[PDB]
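Note on naming: letters A, B, ... go to the chains in the order of the sequence lines (proteins, then strands), and numbering restarts at 1 for each one. Worth knowing before you read on, the calculation uses all heavy atoms, side chains too, and leaves out hydrogens, waters and symmetry mates.
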4 protein chains.
Amino acid sequence: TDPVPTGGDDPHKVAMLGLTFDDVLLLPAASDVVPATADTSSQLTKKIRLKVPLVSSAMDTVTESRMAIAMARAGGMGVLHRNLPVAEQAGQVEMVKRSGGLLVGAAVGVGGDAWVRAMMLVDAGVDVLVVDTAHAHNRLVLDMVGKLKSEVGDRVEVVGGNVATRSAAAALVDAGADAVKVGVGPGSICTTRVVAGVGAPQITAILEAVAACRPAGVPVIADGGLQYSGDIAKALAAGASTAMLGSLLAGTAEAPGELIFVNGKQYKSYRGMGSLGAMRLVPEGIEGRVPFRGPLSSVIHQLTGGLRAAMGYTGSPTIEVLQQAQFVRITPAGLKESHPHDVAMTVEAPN
Amino acid sequence: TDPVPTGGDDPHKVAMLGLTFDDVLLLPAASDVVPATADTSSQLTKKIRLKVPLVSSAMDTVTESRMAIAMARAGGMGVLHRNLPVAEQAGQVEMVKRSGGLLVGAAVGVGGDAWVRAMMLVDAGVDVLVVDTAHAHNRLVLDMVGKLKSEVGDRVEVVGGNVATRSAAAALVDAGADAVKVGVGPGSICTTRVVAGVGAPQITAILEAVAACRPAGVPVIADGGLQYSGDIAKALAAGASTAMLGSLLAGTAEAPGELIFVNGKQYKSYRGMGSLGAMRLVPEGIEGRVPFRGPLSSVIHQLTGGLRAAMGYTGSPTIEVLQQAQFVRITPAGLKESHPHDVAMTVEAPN
Amino acid sequence: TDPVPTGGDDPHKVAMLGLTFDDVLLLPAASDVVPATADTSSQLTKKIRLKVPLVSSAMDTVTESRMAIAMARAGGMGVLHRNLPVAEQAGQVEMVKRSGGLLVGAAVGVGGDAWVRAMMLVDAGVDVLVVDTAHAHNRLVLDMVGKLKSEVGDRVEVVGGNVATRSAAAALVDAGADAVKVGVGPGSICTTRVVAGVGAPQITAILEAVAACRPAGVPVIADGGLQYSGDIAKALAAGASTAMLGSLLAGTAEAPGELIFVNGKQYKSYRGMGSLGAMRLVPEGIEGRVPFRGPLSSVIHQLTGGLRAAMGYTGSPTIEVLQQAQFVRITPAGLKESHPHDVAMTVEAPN
Amino acid sequence: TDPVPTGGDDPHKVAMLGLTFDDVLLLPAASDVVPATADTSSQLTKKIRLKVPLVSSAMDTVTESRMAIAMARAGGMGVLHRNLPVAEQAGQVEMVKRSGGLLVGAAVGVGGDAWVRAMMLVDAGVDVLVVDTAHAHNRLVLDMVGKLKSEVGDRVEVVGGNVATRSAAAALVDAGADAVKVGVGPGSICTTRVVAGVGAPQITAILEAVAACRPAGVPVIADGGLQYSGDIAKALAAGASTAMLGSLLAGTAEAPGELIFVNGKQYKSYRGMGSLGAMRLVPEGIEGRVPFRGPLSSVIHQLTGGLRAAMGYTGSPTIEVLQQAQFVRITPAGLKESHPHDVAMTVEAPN
Ligand SMILES: C[C@@H](Oc1cccc(-c2ccn[nH]2)c1)c1cncc(-c2nc(Cl)c[nH]2)c1
Ligand SMILES: C[C@@H](Oc1cccc(-c2ccn[nH]2)c1)c1cncc(-c2nc(Cl)c[nH]2)c1
Ligand SMILES: C[C@@H](Oc1cccc(-c2ccn[nH]2)c1)c1cncc(-c2nc(Cl)c[nH]2)c1
Ligand SMILES: C[C@@H](Oc1cccc(-c2ccn[nH]2)c1)c1cncc(-c2nc(Cl)c[nH]2)c1
Ligand SMILES: O=c1[nH]cnc2c1ncn2[C@@H]1O[C@H](COP(=O)(O)O)[C@@H](O)[C@H]1O
Ligand SMILES: O=c1[nH]cnc2c1ncn2[C@@H]1O[C@H](COP(=O)(O)O)[C@@H](O)[C@H]1O
Ligand SMILES: O=c1[nH]cnc2c1ncn2[C@@H]1O[C@H](COP(=O)(O)O)[C@@H](O)[C@H]1O
Ligand SMILES: O=c1[nH]cnc2c1ncn2[C@@H]1O[C@H](COP(=O)(O)O)[C@@H](O)[C@H]1O
């Protein structure tokens with residue numbers, strides 16, 4: 001019997017071919033939709049629907065109270081980070097609720113201290129708890145999701161993550177999750193791929209997680225690796241219902257941290273939660289900076305405008321129709337020309 | 001049942017593998033043709049044949065009256081842009097007609113104002129109307145094509161675009177189009193691919209559109225992404241009958257705009273019609289610059305000379321025979337060496 | 001009959017598709033393992049098990065007595081290089097044995113002088129002899145392995161290498177090798193690939209060698225091309241039992257050579273054993289430098305920490321379970337984003 | 001019926017997948033050969049065998065009398081260029097013959113003037129005539145080969161080229177060629193690929209030409225694209241019997257032209273024979289420069305040493321055995337590491 005062409009005698013050792021966002025484009029289709037008439041609303045969880053299908057990352061350089069307020073007013077939601085005392089995180093929930101009863105979420109870990117944290121957040125009025133781990137395919141994480149749903153599941157929605165396979169998503173569904181968050185490897189500040197050699201390209205990870213979650217009616221949150229507004233449209237067409245953004249929002253006025261004026265240009269700090277600085281395990285994230293981008297309201301406007309353009313080209317009046325769109329796969333030669341190919345740019349572009 | 005190797009259980013979710021110009025080369029074949037004896041004439045529309053199979057883009061940094069006159073004298077044609085008052089566009093048609101009854105086209109949009117524009121252009125003597133949209137697979141665009149053909153189709157030829165699929169090209173054929181223009185995603189100044197995440201690699205887009213148009217006798221115009229004279233030969237071998245050029249002609253003396261002397265080198269402005277500056281929707285084009293290239297007559301001479309070389313290598317005495325030539329697909333390692341690989345260039349090359 | 005699609009009529013002329021480390025990632029799986037509870041021990045040879053599955057390269061810029069002592073104290077082993085007189089190499093074995101009866105290996109060549117060298121190393125107390133060649137698929141190399149095993153095989157373990165195919169690994173197994181070392185082409189300082197045009201991508205080379213060695217109970221040493229801690233996890237998941245490191249350890253305090261302060265940064269010399277300088281045959285290696293990395297103990301700590309993270313993500317309590325993990329294949333677009341993609345790094349990262 | 005996955009309904013429109021040198025490596029195999037014992041002799045034509053399987057390009061910056069003398073003394077051969085008067089080219093043949101009756105070849109074109117040139121070269125004692133064209137798959141070129149063989153074929157050997165397909169090679173075999181030269185697209189100074197969009201990756205072109213020539217006993221000359229000594233071994237393993245070199249020899253003392261000292265480094269001119277300067281048709285080559293490399297004897301020594309290393313790794317005692325060796329295909333990730341990957345080079349390497 002002949003060998004597998006890439007080596008050895010086991011045809012399942014190399015189990016899949018993984019696609020990322022840069023590997024695909026959306027095909028145009030017959031359409032009566034124009035960008036202005038598209039409806040961008042979508043489910044965050046079984047019970048919660050958002051007007052704009054975007055949430056901010058649970059990171060100490062992205063989401064505290066000011067970002068959560070601005071995201072909710074823009075039609076999305078923020079998830080407050082958990083790298084601070086319980087009493088301070090619960091107080092940031094109250095500040096958001098004092099600005100109009102806006103929707104808000106908050107991250108928790110696994111174990112006894114994370115349980116005390118979760119109960120204080122519920123008492124403060126939080127709408128969504130996010131069980132927030134590097135590897136959710138573990139019985140202790142599944143137990144945490146199920147115990148929260150049993151005790152406070154009537155009052156608050158419970159998200160679990162992160163996963164990158166069909167089998168991991170199915171395990172969270174069986175544990176009672178109200179949404180499943182997908183992403184191991186893809187984030188802009190992630191070094192899991194080179195430190196551990198572990199990960200999954202994000203278009204294939206979404207397609208596999210959706211194969212388990214869609215038949216059960218559980219929404220999927222696509223978390224990490226989104227670099228352009230067009231990546232949001234690709235993630236939702238692969239079957240996700242919302243997208244979570246770190247890098248794209250870390251440059252805004254509302255993100256925690258001060259402005260950095262260096263060489264006449266401006267920046268703000270952005271770091272992984274598994275970086276040396278955030279943990280103060282070998283680190284699985286870096287500490288860096290991103291360009292300053294101005295007010296959050298204007299960033300969200302440009303991102304939703306690109307999504308609306310994609311809905312016009314694909315004939316999708318709603319996000320549920322966009323989830324049925326088709327891809328064309330591209331080669332390396334086709335990606336290099338996608339970033340403005342060979343015409344000296346001179347003027348600023350908003351998107 | 002096993003999953004699709006790239007994810008999920010649907011084998012049509014990733015529907016195609018899209019090739020661009022850099023993915024293919026033309027194979028040499030048995031030939032009695034030398035570059036000097038090749039015949040470069042080809043159909044622009046059902047009724048109009050050109051001596052040179054090239055047209056200039058309908059852009060406000062590429063084609064007004066001076067470019068249209070020079071293109072027609074060179075054996076091709078210009079399409080006048082529509083980012084100006086109706087009375088001015090109609091007057092540029094008259095200026096072209098006063099220089100010898102040369103062929104000329106002009107762009108129009110969709111709706112009531114575009115209808116008034118179209119009727120004034122016909123009264124001024126235009127030969128070709130181009131229904132000029134970002135997404136032609138839409139009933140309002142198909143209605144515009146059909147209504148023009150019904151009212152003035154005896155006097156003027158009617159083009160519709162742009163499309164990137166077999167089904168979209170078939171819909172324009174059924175509506176009465178005299179030619180179909182192909183290109184969503186590929187242009188040098190296009191950002192649709194990253195803003196909306198939408199597009200189609202241009203060799204596959206041409207092959208699919210031709211599968212619908214050739215059996216009906218409708219010519220295909222390949223519009224966008226052409227960077228070298230060899231790309232013209234590849235587009236026509238994939239089945240197109242003419243090519244439309246923006247970047248390659250924006251540097252010429254006849255293009256609208258003034259010369260830009262900067263750092264001892266010279267440039268001219270070139271911008272997408274969906275850029276912020278041209279529209280004064282989120283933008284789907286950039287504003288930039290290209291190197292100055294001299295007179296149009298000399299640029300067209302070099303481009304047609306490269307086409308003639310391809311016809312010699314493939315044994316094609318006419319464009320209709322070139323449309324039957326074969327490709328070899330190349331890998332990433334083969335493209336890097338195609339751009340002069342590893343020999344410090346010292347002297348200027350015209351092409 | 002149709003041609004093979006890549007040329008000619010022989011479907012075995014291009015025999016395989018070879019994958020390297022950058023072509024694959026490890027898939028997360030169901031896990032009760034956390035990085036702290038993983039067991040990193042593994043067989044170096046049939047009779048010798050190490051606490052940490054790493055050995056240092058047999059190179060005159062990587063391993064003399066100080067590196068061998070530090071590697072053994074860290075739980076791994078060093079292999080002393082053979083580019084020095086027999087009496088000096090045997091004396092370095094004694095120095096290692098005087099620091100606590102630590103484990104140590106030493107390289108030898110093929111022929112009569114290499115036999116005298118081998119006997120002196122055994123008299124000095126060496127634990128492992130490494131028959132150390134550029135191409136081990138040769139009857140003289142197989143004879144050397146078998147004769148050593150016959151004469152001193154009761155006292156010392158005998159390794160042979162290097163190979164890159166299933167048939168070559170099988171020949172070393174039949175000759176009596178206690179471990180098989182894999183790697184032709186992949187090393188950071190190797191130029192065999194461009195000087196001779198010969199080599200084998202290392203993930204496929206490991207998969208093929210393991211197909212011969214695992215059924216016989218012979219461990220495989222993955223030698224060359226490892227650039228990050230995650231590459232160690234990939235090599236062991238492909239079926240290797242230990243990894244050998246040159247570049248990653250050449251920057252440490254214990255490596256032979258002096259520090260190089262240049263432009264405020266620090267370096268140390270690193271060169272192939274087939275470079276012009278080491279041989280003083282056309283050269284098949286280069287002479288260069290690598291950044292200074294500090295003490296060996298700290299480098300090994302970071303490398304084993306990344307391995308432990310991979311064991312947590314894959315649910316592997318032991319190295320024998322990690323050898324059963326699965327890969328996802330990635331495209332060129334997915335690799336570019338793996339190296340910290342698009343976030344200006346500002347702070348130092350240990351790994 | 002479903003479409004072809006890359007577009008259209010014709011499965012032969014994209015006829016082949018073309019491999020270049022960077023797409024493959026030679027696999028090591030069982031061997032009793034060491035580099036010193038390999039036999040590098042090989043057929044140039046049916047009747048002429050060389051000691052070293054290399055010839056110099058017929059270019060006015062590579063081969064006049066001094067290069068032809070040095071190549072023959074090194075065991076190879078030179079082909080004198082034809083961009084000069086007939087009387088001068090014939091006189092350079094005599095100069096070579098006055099230095100010891102060394103072997104020499106000379107290029108000619110097609111037509112009446114090329115016939116007069118050919119007869120004068122034969123009278124001057126030339127050993128090989130090379131019918132030297134950009135596209136040999138043409139009845140006028142085949143007639144020239146056949147008429148030369150009929151008139152002077154008893155005294156001189158007749159080569160024809162260049163081709164890049166099985167059918168073109170078969171036509172030259174039927175016309176009586178004593179060897180077939182392969183290469184359309186691959187040369188370092190070639191711009192046919194971007195000017196005409198025409199070419200064929202060189203490993204696939206050799207495999208296809210050999211499928212026609214080997215069964216007839218006609219040797220194949222691999223011409224263009226060779227960048228390293230390892231590329232020579234790959235070309236011969238694909239089935240060629242000799243290789244022709246331009247760039248690799250244009251830097252030597254014996255090449256025509258003067259040394260260029262610029263910025264403390266040294267260069268020499270190198271230009272295509274279809275460049276603007278050589279023709280004084282649109283140009284299909286560039287004019288440039290290459291680094292100075294010293295005496296030819298030393299360059300040939302390093303190139304043959306790399307070939308000898310490949311013969312050791314593959315177990316090939318002769319070139320006829322190397323022509324039976326096997327390849328592994330590599331991905332883009334595997335090529336980037338082949339050029340010395342990540343170790344600051346400090347010292348000069350001869351090869
Ligand atoms: C922003 C602008 O981008 C482009 C892109 C390509 C061509 C042109 C253009 C303008 C004039 N001639 N060609 C404009 C634009 C203008 N209107 C409609 C669209 C649009 N519809 C759907 Cl559905 C999706 N997106 C986009
Ligand atoms: C411009 C010039 O380009 C080359 C390319 C490769 C080799 C040479 C060359 C010249 C002399 N020796 N080799 C010239 C050229 C000269 N003539 C004919 C052609 C030609 N025919 C067909 Cl059909 C297509 N294109 C091209
Ligand atoms: C170093 C640190 O890396 C990350 C990576 C991604 C997300 C986060 C994070 C922290 C807080 N929220 N999200 C941390 C970390 C923290 N703990 C556990 C792990 C881990 N477990 C297994 Cl199994 C393997 N590796 C990794
Ligand atoms: C020039 C030199 O290149 C290397 C490459 C890899 C490892 C080493 C090495 C030296 C000492 N330990 N390891 C040397 C060399 C030394 N001898 C033999 C060969 C050789 N044989 C065959 Cl067959 C083909 N080429 C190559
Ligand atoms: O240190 C880390 N390592 C790996 N992933 C991380 C780390 N910190 C945060 N993440 C993930 O990265 C996402 C942000 O990705 P981005 O939007 O591409 O910048 C977050 O929402 C987390 O899922
Ligand atoms: O703003 C824009 N976005 C996208 N495509 C555009 C825009 N403006 C013009 N185009 C297209 O780009 C083509 C020019 O492409 P180029 O020849 O590659 O520069 C035009 O003929 C249009 O089809
Ligand atoms: O000159 C040489 N050419 C090729 N391979 C070499 C040479 N010297 C050492 N090696 C190999 O390269 C390995 C080190 O690879 P690295 O860890 O990628 O730097 C060694 O353990 C040897 O197997
Ligand atoms: O102008 C030209 N265009 C294309 N190919 C050329 C030209 N001049 C020479 N060649 C070819 O290029 C070969 C040299 O290729 P190199 O060794 O890669 O530099 C010659 O032997 C010719 O076959």
Side-chain angles (χ1 to χ4, degrees), chain C residues 44 50 52-84 88-89 92-93 95-96 102-109 121 126 128-130 132-134 159 161-162 181 183 186-191 221-229 231-232 235 242-260 266-279 284-300 302-303, chain D residues 340-347:
Chain C
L44 179 68
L50 301 176
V52 168
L54 303 172
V55 303
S56 57
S57 291
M59 300 173 71
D60 68 5
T61 53
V62 183
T63 308
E64 294 183 346
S65 62
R66 264 178 54 159
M67 172 69 72
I69 290 164
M71 285 294 299
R73 289 177 175 167
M77 199 188 73
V79 180
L80 300 163
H81 75 90
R82 63 180 177 97
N83 200 24
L84 76 181
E88 284 189 38
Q89 196 189 20
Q92 296 203 9
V93 171
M95 303 181 206
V96 175
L102 304 163
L103 288 166
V104 67
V108 304
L121 298 164
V126 81
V128 180
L129 290 169
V130 178
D132 168 48
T133 73
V159 177
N162 280 16
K181 192 146 66 62
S188 68
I189 42 59
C190 178
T191 61
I221 304 163
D223 179 18
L226 283 93
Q227 296 184 113
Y228 320 99
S229 58
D231 295 347
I232 300 163
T242 57
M244 174 174 272
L245 311 174
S247 181
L248 280 170
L249 305 181
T252 59
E254 285 87 348
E258 319 155 357
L259 199 49
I260 290 173
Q266 307 158 307
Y267 306 95
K268 287 184 77 157
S269 171
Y270 181 50
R271 71 186 180 179
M273 298 302 289
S275 67
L276 204 47
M279 292 189 295
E284 295 179 40
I286 65 172
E287 308 166 50
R289 75 188 194 195
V290 298
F292 180 69
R293 279 282 151 248
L296 174 87
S297 60
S298 298
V299 167
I300 296 296
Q302 291 290 301
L303 298 176
Chain D
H341 80 79
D342 186 87
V343 278
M345 201 182 313
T346 68
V347 187

Judged by atom type as modelled, is there a donor-acceptor pair below 3.5 Å linking the side chain of [X] to the main-chain atoms of [Y]?
X: C/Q92; Y: C/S65; value: yes
X: C/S57; Y: C/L245; value: yes
X: C/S56; Y: C/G246; value: no
X: C/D223; Y: C/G183; value: no
X: C/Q89; Y: C/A106; value: no
X: C/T252; Y: C/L296; value: no
X: C/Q266; Y: C/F292; value: no
X: C/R289; Y: C/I260; value: no
X: D/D342; Y: C/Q227; value: no

State, with a plain yes or no, whether a side-chain heavy atom of [X] is found less than 4.5 Å away from one of [Y].
X: C/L259; Y: C/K268; value: yes
X: C/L121; Y: C/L129; value: yes
X: C/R293; Y: C/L249; value: no
X: C/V159; Y: C/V79; value: no
X: C/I232; Y: C/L303; value: yes
X: C/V104; Y: C/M71; value: no

TODO: Please step through side-chain contact (heavy atoms from CB on, under 4.5 Å) for the pair C/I189 and C/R271, ending with a clear verdict.
DONE: CA-CA 7 Å; C/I189 42 59; C/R271 71 186 180 179; over 6 Å; no
If you compare all heavy atoms of [X] against all heavy atoms of [Y], which two are closest, and at what distance to 0.1 Å?
X: C/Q302; Y: C/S229; answer: O-CB, 4.3 Å
X: C/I286; Y: D/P340; answer: CD1-CB, 3.7 Å
X: C/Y270; Y: C/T61; answer: CD1-OG1, 3.3 Å
X: C/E287; Y: C/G277; answer: OE2-N, 2.9 Å
X: C/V96; Y: C/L103; answer: CG1-O, 4.4 Å
X: C/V290; Y: C/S247; answer: CG1-OG, 4.1 Å

Using 0.5 Å steps for rounding, measure from the [atom1] atom of [X] to the [atom2] atom of [Y].
X: C/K181; Y: C/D132; atom1: NZ; atom2: CG; result: 5.5 Å
X: C/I221; Y: C/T242; atom1: CD1; atom2: OG1; result: 4.5 Å
X: C/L84; Y: C/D60; atom1: CG; atom2: CG; result: 9.0 Å
X: C/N162; Y: C/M244; atom1: CG; atom2: CE; result: 8.0 Å
X: C/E284; Y: C/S275; atom1: CD; atom2: OG; result: 11.5 Å

Open item on the list: Exactly one of C/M67, C/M59, C/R66 should register a side chain to side chain contact (heavy atoms under 4.5 Å, CB included) with C/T63. Which one does?
Closed with: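 Of the listed residues C/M67, C/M59, C/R66, the side chain to side chain contact (heavy atoms under 4.5 Å, CB included) partner of C/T63 is C/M67.
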Open item on the list: Working note: C/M273 + C/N83, criterion side-chain contact (heavy atoms from CB on, under 4.5 Å); need CA distance, chi angles, decisive distance, verdict.
Closed with: CA-CA 8 Å; C/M273 298 302 289; C/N83 200 24; 3.6 Å; yes
